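Numbering (our numbering), first residue to last: 102 to 255. Quick notes on the structure that follows.
In structure tokens:
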């Protein structure tokens, strides 16, 4: 009975995550689809985190630092076990220099049945406006997919 939303999970202030996620969110917003932002760096209630993922039709994940593995894996593992095959998920690199391998995570979601929301956004160089314009379009794509999924539901 909660508003149709897409969950955006990433570590705030890590690399260009803040701006990369914001661009994607702006693209989502255009479609009128809601969004819930969760900071992977800040401690979260595992049970409410499962509930949030549970009510999200779409998902967006930002890579975490390979330096905060121990502390971050708790939330990450929870998301992997709280997700369902009926949703779509997109993943972006941060350009922070300590990103965890994106591919391994991409494959974990695909193995679970989820659909890839958009081509995993990779950052090898400092983000440009063409970079953020790409995130914006990926955000829109997912937002449109979510809309079509809801309408294709009933």
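Ideal placement from N, C-alpha and C gives every residue a C-beta, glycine not left out.
For residue i, I'd like the list of residues in its chain whose CB is within less than 7 Å of its CB, leaving aside the five on either flank, ordered along the chain.
i	result
residue 113	119, 140, 142
residue 186	213, 214, 215
Spatial neighbours of residue i within its chain, please: C-beta separation below 8 Å, excluding the five flanking residues on both sides.
i	result
residue 184	154, 160, 190, 210, 213, 215
residue 144	none
Among the candidates the options, whose CA atom is the shortest distance from the CA of residue i?
i	options	result
residue 217	182, 188, 123	188
residue 247	103, 229, 134, 239	134
residue 111	103, 137, 132	137
residue 254	149, 147, 197, 158	158
Checking the sheet assignment: what are the DSSP bridge partners for residue i?
i	result
residue 135	106
For residue i, which residues of its own chain have a beta-carbon under 6 Å away from its beta-carbon, when the five flanking residues on both sides are left out?
i	result
residue 121	193, 236
residue 167	199, 201
residue 242	219
residue 233	124
Which residues bound the beta strand (DSSP E) around residue i?
i	result
residue 161	157-163
residue 219	That residue, residue 219, is in no beta strand (DSSP E); it is neither H nor E in DSSP.
Determine the direct distance from the alpha carbon of residue j to that of residue i, and round the result to whole angstroms.
i	j	result
residue 125	residue 201	20 Å
residue 227	residue 105	33 Å
residue 177	residue 117	20 Å
residue 130	residue 174	29 Å
Between which two residues does the alpha helix (DSSP H) holding residue i run?
i	result
residue 240	230-252
residue 176	170-183
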